[PDB]
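>>> Experimental structure and its sequence below.
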Amino acid sequence: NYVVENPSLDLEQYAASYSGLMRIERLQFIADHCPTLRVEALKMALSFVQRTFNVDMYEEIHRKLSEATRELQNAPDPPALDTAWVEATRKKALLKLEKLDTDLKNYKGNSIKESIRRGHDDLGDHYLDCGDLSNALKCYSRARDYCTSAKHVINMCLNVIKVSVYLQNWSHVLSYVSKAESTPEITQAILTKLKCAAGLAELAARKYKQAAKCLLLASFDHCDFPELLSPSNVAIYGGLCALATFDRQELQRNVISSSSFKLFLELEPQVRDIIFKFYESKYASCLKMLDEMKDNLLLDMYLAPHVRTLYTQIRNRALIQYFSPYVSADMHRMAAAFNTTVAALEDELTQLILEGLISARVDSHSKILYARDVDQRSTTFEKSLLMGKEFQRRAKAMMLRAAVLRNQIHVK
Amino acid sequence: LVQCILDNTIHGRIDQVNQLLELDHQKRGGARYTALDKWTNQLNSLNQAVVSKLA
């Protein structure tokens, strides 16, 4: 599946770009899927997990770091968790939480909807920091009841979106994105954050056409959005999905018209060249950059399974567009339009013809790919004769059915 | 030439083996037999389904 070996990831920037439990999840997966770098990834993870009083995931991360350090003590032939933290962390976490709980329950005796909603949101924020997902949800699911204003609804939607990403309840994210968008009359760019959340949720839900459409509408004025996804990965997420789903004219319009993805492409010049090479029919350089983008972004959270499908689609689409303006396309030249071998391209081309959407015939004698332009009339006549034969057969079947029903013929 | 064809400005393809640019003259004047065939197949499948459901 994944967990492959490959160097050259910059741990410092990827950890600092994100922040929150999202960063915690990013550091864990990067450590778990990138060996020969798991130690520093785990060392940086635990150094940040101990902040904001985590309880359960800390034990898992500390155990993994202890195993990783033990492994380092045998190859070139385990850290202490300082359980004083447990005594310290629990005692502080309880006292402040109990103090906050006492206030809110007293506020529940005061009966103020906004105060109850705000207090419940604060309780949910504390529970998320404590490492209590469902506990935060119930606090957030009690703040949803006591809403008063449109901004309160927007904040309610954002909190549920944030939590359901960690819970991987992407259905709750999409439902709250729709509620937050369609309701309040479709400088403060609030819809941009909602579109970014929807695109990330759709991409994690194995969707590419709508996710790219949502990501392309994301304005760069949002800038800091580290609770869900960094702008650097957002540009990459949009570019890969657009390359796999959007066709040439579809790509050119959407990227240019958005004028925020141009800024996104400036952030990631590699995908910008990939799209530009895709437009200019330089798929040889386009795909070699793609493979370079493969290893750097296959250790991504919601990308690793989907990127392989996305990259497979990109390879298919690139081949389809390349052959389209060709009558006698030499398979040598088409093979030379990439680092692939003649045999490998022939197998890839044969697979594409079997699946379709290339409409070609392979002439293995001279290794030239000839496009197929069948006469419409001949196929029409053939399938019309087949339809007439099938109609006669079905008429015979119906006449036999009528004969056996009229004569009352049935097994007793 | 590749850019122009991909922009739908050129109705034809390229023969790179012989350094040749073949353009579709589209003199057949058809595109109506396609509609006739689609109508034939769709309505015949429709009739078959109706007969199967009614029987």
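Done, it's in. Numbering: from 1, shown residues only, chains lettered A, B, ... in the order given.
>>> Please make it C-alpha for all contacts and neighbour counts, starting now.
Noted.
>>> give me phi/psi at the residue of chain B found nearest chain A?
With C-alpha to the nearest C-alpha as the measure, residue B:13 is the residue of chain B nearest to chain A, at 4.1 Å. Per-residue torsions, residue B:13: phi -130, psi -180 (degrees, to the nearest 10).
>>> show me the contacts for the nearest residue to it once chain neighbours are set aside.
Of all residues not flanking residue B:13 in the chain, residue A:325 sits nearest, at 4.1 Å (C-alpha to C-alpha, 6 or more residues apart in numbering or on different chains). Taking C-alpha atoms under 8 Å, 6 or more residues apart in numbering or on different chains as the criterion, residue A:325 is in contact with B:2, B:5, B:6, B:12, B:13, B:14.
>>> and the fifth one, how many residues sit next to it?
It stands for residue B:13. Neighbours of residue B:13 under the rule other C-alpha atoms under 10 Å in any protein chain shown: 23.
>>> Any idea what the residue of chain B closest to chain A is bridged to?
In this structure, residue B:13 bridges to residue B:22 when assessed by DSSP bridges.
>>> So it is in contact with residue A:322, correct?
No. Counting by C-alpha atoms under 8 Å, residue B:13 sits too far from residue A:322 to count as a contact (10.9 Å).
>>> tell me the secondary structure for residue B:29?
Reducing the assignment to helix, strand or coil with DSSP: H, G, I helix; E, B strand; the rest coil, the entry for residue B:29 is coil.
>>> Oh, that last question was meant for residue A:317, not what I typed.
Reducing the assignment to helix, strand or coil with three-state DSSP, the entry for residue A:317 is helix.
>>> Apart from its chain neighbours, what residue comes closest to it?
Setting aside the residues directly before and after it, residue A:317 is nearest to residue A:244 in space (C-alpha to C-alpha, 6+ apart), at 6.9 Å.
>>> before we move on, what about residue A:377?
residue B:33 (6.5 Å).
>>> any idea how far that neighbour lies from residue A:393?
Relative to residue A:393, residue B:33 is positioned 25 Å away (criterion: C-alpha to C-alpha, to the nearest Å).
>>> cool, residue A:194 as well?
Using C-alpha to C-alpha, residue A:194 is found at 57 Å from residue A:393.
>>> Please say which of those two ends up with more neighbours.
residue A:194 (23 against 12).
>>> in what helix or strand does that one lie?
When secondary structure is defined using DSSP states H and E, the element that contains residue A:194 is helix A:190-204.
>>> for chain B, what are the nearby residues on chain A?
A:248-249, A:280-281, A:324-330, A:376-377, A:380, A:384, A:387, A:391, A:394, A:398 (C-alpha under 8 Å from any C-alpha of the partner chain).
>>> change it to 10 Å
With the criterion set to C-alpha under 10 Å from any C-alpha of the partner chain, chain A comes near chain B through A:248-249, A:279-281, A:321-333, A:368, A:370-371, A:376-377, A:379-381, A:383-384, A:387-388, A:390-391, A:394-395, A:398, A:401-402.
>>> now the helices for the stretch 101-250 of chain A?
For the stretch 101-250 of chain A, the helices identified by DSSP state H, counting those that start in this stretch occupy A:113-130, A:133-143, A:150-166, A:170-182, A:190-204, A:209-216, A:231-245, A:248-258, in order along the chain.
>>> In a markdown table, list the ones you listed along with distance to residue B:40.
What follows is the helices of the stretch 101-250 of chain A, written out as a markdown table (distance: least, C-alpha to C-alpha, whole Å):
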| stretch | distance to residue B:40 |
| --- | --- |
| helix A:113-130 | 62 |
| helix A:133-143 | 57 |
| helix A:150-166 | 50 |
| helix A:170-182 | 43 |
| helix A:190-204 | 40 |
| helix A:209-216 | 33 |
| helix A:231-245 | 33 |
| helix A:248-258 | 33 |
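>>> Compare these and report which one is nearest to residue A:298.
Shortest separation from residue A:298 across these is recorded for helix A:231-245, at 11.9 Å, computed as C-alpha to C-alpha.
>>> mind checking how far the closest one is from the chain centre?
9 Å (C-alpha atoms, centre = their mean, to the nearest Å).
>>> Pull the longest helix along chain B out as CSV, backbone CA atoms only.
Scanning chain B for the longest helix, with DSSP state H as the assignment, gives helix B:33-54. Included here for helix B:33-54 are C-alpha records, laid out as CSV according to Å, rounded to 0.1, in the frame of the first residue of the first chain:
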residue,chain,number,x,y,z
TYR,B,33,-27.3,9.1,-39.9
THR,B,34,-25.9,9.2,-36.3
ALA,B,35,-29.2,10.8,-35.1
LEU,B,36,-31.2,8.3,-37.1
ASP,B,37,-29.3,5.4,-35.5
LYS,B,38,-29.6,6.8,-32.0
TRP,B,39,-33.3,7.2,-32.5
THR,B,40,-33.7,3.7,-33.9
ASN,B,41,-31.8,2.0,-31.1
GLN,B,42,-33.3,4.1,-28.3
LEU,B,43,-36.9,3.6,-29.5
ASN,B,44,-36.4,-0.1,-30.3
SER,B,45,-35.0,-0.8,-26.8
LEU,B,46,-38.0,1.3,-25.5
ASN,B,47,-40.4,-0.9,-27.5
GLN,B,48,-38.7,-4.1,-26.2
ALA,B,49,-38.9,-2.9,-22.6
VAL,B,50,-42.6,-1.9,-23.0
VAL,B,51,-43.4,-5.3,-24.5
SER,B,52,-41.5,-7.1,-21.8
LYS,B,53,-43.2,-5.1,-19.0
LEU,B,54,-46.7,-5.5,-20.5
